[PDB]
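First the structure, in the form of structure tokens, and then the observations on it.
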DNA sequence: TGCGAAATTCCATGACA
DNA sequence: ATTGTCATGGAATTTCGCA
DNA sequence: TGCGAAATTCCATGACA
DNA sequence: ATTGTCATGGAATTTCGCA
Ligand SMILES: COC(=O)CCc1cnc2c(c1)c(N)c(C(=O)NCc1ccc(F)cc1F)c(=O)n2O
Ligand SMILES: COC(=O)CCc1cnc2c(c1)c(N)c(C(=O)NCc1ccc(F)cc1F)c(=O)n2O
Ligand SMILES: [Mg+2]
Ligand SMILES: [Mg+2]
Ligand SMILES: [Mg+2]
Ligand SMILES: [Mg+2]
Ligand SMILES: [Mg+2]
Ligand SMILES: [Mg+2]
Ligand SMILES: [Zn+2]
Ligand SMILES: [Zn+2]
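Residue numbers (the deposited numbering), protein chains in the order written: chain B, 116 to 297; chain B', 116 to 297; chain A, 9 to 375; chain A', 9 to 375. A prime marks a further copy of an entry chain.
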């Protein structure tokens, strides 16, 4: 079998609804299966329109051979199917109620949910501006299995923003209390 | 003595007052002494101002060493004297009531007065537009003494408007009668 | 499919080299070339493939081929690529030329004064005494120049000024560019009435009026120096500038335009007095000899990759004032006649005859 | 008069050749030279004579001398003529240069992606969806390009777009021209906050941003072809154009900007499949070798009459947006340091330090 | 028949919207 | 049916002044 | 070891306001 | 403190297919 490569498969999913931040409520998560590289797009609804509008930005940079997602309504619509067919993208769905992907992608999506929660507290409505720094952190995080960051696997170089200070990713006692009040 | 040359001496004089033509009443006549070449400038008064304004046009093409004229007030004024001194032009006046110049210039000024009279009749107020064709005629008229036209002596070439049909320069019987009525 | 059929069994077909193994796989004819395994599409599919690769970014010969060569191979690919490039209308009218024009002509200096005038307008300038433009009239043989201030580059202001000028002498020919003041019928009737032949530059090619255009430079340059530190009141300086330039030496000619016109300086500063002892006739004799011995330049060497027009060739005229995001070149045209190596008549994109300069043409690529 | 006194009696004076007869006539010292009889003005009058002849039309060396030589002669006339030309302020700031710049530099390609960005604005364009400009961001190593539509070339629109871009990676350096959007303090604070060093072209010299300026051409050229026959609705085409050019082959490099950035094509038409059997690590190993073996051009030959700047030399900066009938050159300046054969620091006409390109300088003539 | 310096010629450069 | 041009100042070349 | 043709490389040209 | 660039298509050169 052929070795796995970037752009072979994109894993997409929606995070939300979140507290309103500049009119946005959701985050469309796109993770490259081979490198673990992550793109984050803010949307206003888990709709096919918002999905197509956001992926149109990503696919003007690189087009995946396959997109994988759960059976969410935005992804199983005939509109999204026509959008994927026009670009030569094959759609691949996980079985209902049985979400699956890969160990690397599962853990990456775990990190994203946790990293967002830690910065939600204290400023739940300012996450729109933090999405850029969130992606840099996720993409320059060291991978124990591959022994390389997503940035290095995608570009073949070291990054100008190496996140050496590996964050705790756990909620401190104060943040635990303050998040509970909401 | 040095042979006579163009621009050695300009002879100037005023013709008028004439019937009003586009607001002008006089003609400032300038004749080069050596070639017989003639410039005609329409003015509104035999004044120093009109004289300076008209000669300023001519002296942006060629500047004479000497200007000769009668003792008319416009030429004997201290303003015109300062104008001539600024340009290095020497002023030369004929004795009061004893106008003099040269045979060639005397005859040229005769032709100009006669040629203007012949075209004044019938259209006494349209001479402003005819001044261009009047100069071409005067300057391409054959000289019996020098056996060359003013155009040829000034430029050293034949002219693109050779006036072969030498006009009568005399008033026909009809023009004699019609001019008398005015 | 019939051609590719005999290839799979082992028969020879011209264009397909014999020393390679052509096999079938996934319902596609393939071949093992040094660069890798490529698909050999049937003849009937090759035009559509070249089209799809070209249309990605409307790339030229090599950038289109490199895309096709990633997947396919067939005999003489670039031949089919060049075939599509010559049929792509968007590429033909948008791309730039890469062939320079032939070397410039140095037309003969007019033999006599008043043989040919070159006229043109300068402006608009800063308003001075209510005036905005300057009519520049240059005698082609002498360089002698007349300056007239106007309020607009109008036909009416041109006729007014030339009526005053031609009080001294009538020219044979007046040469102008195709500006509005000079191409009106009113200007043509004014010239026909006086035996003056009007001669027009090819459109949008100021080189053709280069004699007066070059004088325009000297005029502006001297006006600039005279107005340093002062407000730009240029109206009262035109006579000063006209007289100054008409008496300025051309270092290569060794004469001033005044001297070439009259053969003797007037009462200006530093008047040359060399002919003081000659008669006027001896002076004019020396003048006719000087006028015929003036330096004349020669056509320069052609550049490495220049083109020269041929009757029947496909060429394209440059678009005059192209809008934003619009092509810079017209649809292809046919060359009708070659008046000189730098001037041609073409069958226009509208359908008319048009006399144009080669600098506003490109040869249509890929024939 | 003391010098010219000994000349009349027959004594020798250095500079005055002995084999000529110098006599007196009309109260003026004269000499019979081959060209004719000329006046020898005393030393104390020669400066004023050169000045009067020059000021007629502010002529250069030979045209000024020919005027003087009509009447006068003295030892080393042109020496006194050049002396006045170097003191005429109006001539020094108005005349054109006749020495070309030294040959261009071909700076090293950035070694890695995201080492250096080149950014610039295109526009204004025909209004499309309310947008008028395009921010163009070009990675210097790969040529990979990002296109952002804006309503103005503003600092606020630049920060907004670069915040979205740098979501993927932060560059070391951003290179821009000195347009207003990039030179504001708000843009500097935005870059300092991110460890980005801002690097600015020399003023009024778009060659220095040549990497992105050249990409601007490809962008407009492709937009033009796509909009032939249609109304100029370019907003919805920017993503199409960005993707098309990022996957277009450079014939001299043999690679597309996408390939140089990622080392492997994505699911685009005609995707190159050469590395399908290598692992990603073997692919990235081949990518680092390709990135260091790319073609790099060399400095071209200097032209026949080029000048190169020297510390302490007098030079003059080109006037940015010169008004009508105003000089094109500033008062002379002194070269302080030579950063490279094409870039210098000068002591400005106002009094400041200024880093300028040699293409916007001329050496002051006559020292 | 030859040398150093001055005088002259050569000619690339750039701007005429 | 029309067509580049020429001032400018360093450099290259010729000429001059003298022996 | 050499030929005709195809494939590849060379590189002047021109436009990025 | 900063620096020209590169798609394009004929032409020039190299390589290929075959003997
Ligand atoms: C329909 O035809 C038109 O509208 C022509 C308008 C017109 C008239 N006179 C012009 C121009 C255009 C013009 N573009 C130019 C012009 O671009 N001059 C610059 C110029 C460029 C190169 C050159 F070798 C000489 C030049 F004067 C011009 O000088 N004149 O006199
Ligand atoms: C105070 O500084 C300013 O106002 C500079 C304004 C400005 C900004 N961007 C520019 C320009 C001027 C500008 N003149 C140009 C410009 O003239 N471009 C044409 C151009 C000419 C030669 C070249 F080699 C490349 C080019 F893009 C430009 O491309 N950009 O991006
Ligand atoms: Mg989901
Ligand atoms: Mg009188
Ligand atoms: Mg014009
Ligand atoms: Mg013009
Ligand atoms: Mg810019
Ligand atoms: Mg630009
Ligand atoms: Zn095309
Ligand atoms: Zn001056």
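For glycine and all other residues, C-beta sits at the position ideal for the given N, C-alpha and C.
Can a CB atom of chain B' be found closer than 9 Å to the CB of residue i?
i	result
residue 251 (chain A)	yes
residue 178 (chain A)	yes
residue 3 (chain A)	An answer regarding residue 3 (chain A) cannot be provided, because it is not within the stretch 9 to 375 covered by chain A.
residue 164 (chain A)	no
Taking 8 Å as the cut-off, is the beta-carbon of residue i closer than that to any non-hydrogen atom of ligand 6?
i	result
residue 220 (chain A)	yes
Please find out if some non-hydrogen atom of ligand 3 comes closer than 8 Å to the beta-carbon of residue i.
i	result
residue 184 (chain B)	yes
residue 187 (chain B)	yes
residue 129 (chain B)	yes
Please indicate yes or no: does the CB of residue i lie closer than 8 Å to some heavy atom of ligand 1?
i	result
residue 224 (chain A)	yes
residue 328 (chain A)	yes
Under 9 Å, Cβ to Cβ, is there at least one residue of chain A' near residue i?
i	result
residue 218 (chain A)	no
residue 63 (chain B)	Since the first residue of chain B shown is 116 and the last is 297, residue 63 (chain B) is not available in this structure.
residue 194 (chain B)	no
residue 175 (chain B)	yes
residue 301 (chain A)	no
residue 322 (chain A)	no
residue 226 (chain B)	no
Given the structure, does residue i come close to ligand 4, in the sense that its CB is under 8 Å from one of the ligand's heavy atoms?
i	result
residue 141 (chain B')	no
With a threshold of 9 Å between beta carbons, is residue i in contact with chain A?
i	result
residue 54 (chain A')	no
residue 281 (chain A')	yes
residue 125 (chain A')	no
residue 268 (chain B')	yes
residue 229 (chain A')	yes
residue 247 (chain B')	yes
Would you say residue i lies against chain B (beta-carbon separation less than 9 Å)?
i	result
residue 383 (chain A')	Lying before the first or after the last residue shown, residue 383 (chain A') is absent from chain A', which here runs from 9 to 375.
residue 120 (chain A')	yes
residue 344 (chain A')	no
residue 340 (chain A')	no
residue 273 (chain A')	yes
Is residue i near ligand 8, with its Cβ less than 8 Å from a heavy atom?
i	result
residue 273 (chain A)	no
residue 192 (chain A')	no
residue 217 (chain A')	yes
CB of residue i to nearest heavy atom of ligand 7: below 8 Å?
i	result
residue 314 (chain A')	no
Would you say residue i touches ligand 2, meaning its beta carbon is less than 8 Å from a heavy atom?
i	result
residue 212 (chain A')	yes
Cβ of residue i versus every heavy atom of ligand 5: is any distance shorter than 8 Å?
i	result
residue 365 (chain A)	no
Is any heavy atom of ligand 10 found at a distance shorter than 8 Å from the C-beta of residue i?
i	result
residue 233 (chain A)	yes
residue 255 (chain A)	no
Report yes if the C-beta of residue i is less than 8 Å from at least one heavy atom of ligand 9; otherwise report no.
i	result
residue 93 (chain A)	yes
residue 78 (chain A)	no
Enumerated in chain order, which unbroken segments of the beta strand (DSSP E) with a length of 3 residues or greater are wholly contained in the region 151 to 193 of chain B? 153 to 158 and 181 to 184
Inside the region 220 to 289 of chain A' only - alpha helix (DSSP H) runs reaching at least 4 residues: Runs of the alpha helix (DSSP H) lying entirely within the region 220 to 289 of chain A', each at least 4 residues long, are 246 to 254 and 265 to 270 in chain order.
Any 3 or more C-beta pairs closer than 8 Å across the region 206 to 224 of chain A and the region 183 to 195 of chain A: yes
Okay, do the region 119 to 127 of chain A and the region 179 to 186 of chain A touch, 3+ Cβ pairs below 8 Å being the bar? yes
At what residue ranges does the region 32 to 64 of chain A' contain a whole run of the beta strand (DSSP E), taking only runs of 3 or more? Unbroken beta strand (DSSP E) stretches of 3 residues or longer found wholly inside the region 32 to 64 of chain A': 36 to 41 and 44 to 47, given in chain order.
Interface residues of the region 50 to 84 of chain A' facing chain A [CB-CB below 7 Å]: 60, 61, 64, 65, 66, 67, 70, 71, 74, 75, 76, 78 and 79
Contact residues within the region 85 to 110 of chain A, judged by C-beta distance below 7 Å to chain A': 98, 99 and 102
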